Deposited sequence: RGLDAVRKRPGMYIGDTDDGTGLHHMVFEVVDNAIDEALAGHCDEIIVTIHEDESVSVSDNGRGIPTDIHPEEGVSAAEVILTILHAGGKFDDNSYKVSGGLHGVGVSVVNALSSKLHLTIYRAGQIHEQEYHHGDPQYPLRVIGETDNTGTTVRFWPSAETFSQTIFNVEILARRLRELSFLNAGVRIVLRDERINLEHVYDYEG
């Protein structure tokens, strides 16, 4: 029920769902979550991939979203982040809502966390967890990957424009010294790297 308010008023949260601004806002909200991990001093690389299947991945080398079950809540902290709107201040719509809104408006979302020597994943359909967050391997790395398929029920157009993403990612690179920002478009075999060390 945590995501019901977003399913009911997608436009209020993400912006215009027709003109493509709301659609690209979905990527920017996930990137903003990775930028916060960089501002916290924990992340210095963010990779945005537009996939052949038209889904988008955002991967960071941050701490990784915490995976521990808060008995209070009964589920992994990550599931709380993905299925409950935060309480802080917040293309039209709201700026800084983060991944909960993106989850709600995605037909599918796949979460991978690299944390505490372990690889954890969870899948959502339209914001509903399909199974509890689970361990699937070991890793020496840390960070978070969010891959999402924006809902064809919510957005009249679902094809990401590599130029709109590239232009905003260059602004963010300039605004965030020391963060290596990579954009990959597998549809056209493009890679851009923006690295402003300052």
**OP:** Provide the list of deposited-sequence positions lacking C-alpha coordinates, grouped into contiguous ranges.
**Re:** 91-98
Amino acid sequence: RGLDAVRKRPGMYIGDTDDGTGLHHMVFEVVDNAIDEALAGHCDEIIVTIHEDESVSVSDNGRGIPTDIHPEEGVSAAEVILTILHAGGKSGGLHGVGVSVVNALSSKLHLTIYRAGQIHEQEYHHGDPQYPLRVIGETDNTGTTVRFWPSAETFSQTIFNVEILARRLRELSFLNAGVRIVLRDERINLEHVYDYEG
From here on, numbers count along this sequence of modelled residues.
Original post:
Averaged over C-alpha atoms, is the B-factor higher for 30-38 or for 150-158 in this PDB entry?
Top reply: 150-158
Original post:
Which wins on mean Cα temperature factor, 130-138 or 168-176?
Top reply: 130-138
**OP:** Tell me, please, which of 113, 101, 75, 109 has the highest C-alpha B factor according to the deposited entry?
**Re:** 75
Original post:
When the modelled residues of the chain are sorted by Cα temperature factor, does residue 12 land in the lowest, middle or highest third?
Top reply: highest
Original post:
Where does residue 56 sit by CA temperature factor within its chain: lowest, middle or highest third?
Top reply: middle
**OP:** Please rank the C-alpha B-factors of the chain's modelled residues and tell me whether residue 84 sits in the lowest, middle or highest third.
**Re:** middle
Original post:
Compared with the other modelled residues in the chain, in which third is the CA B-factor of residue 45?
Top reply: lowest
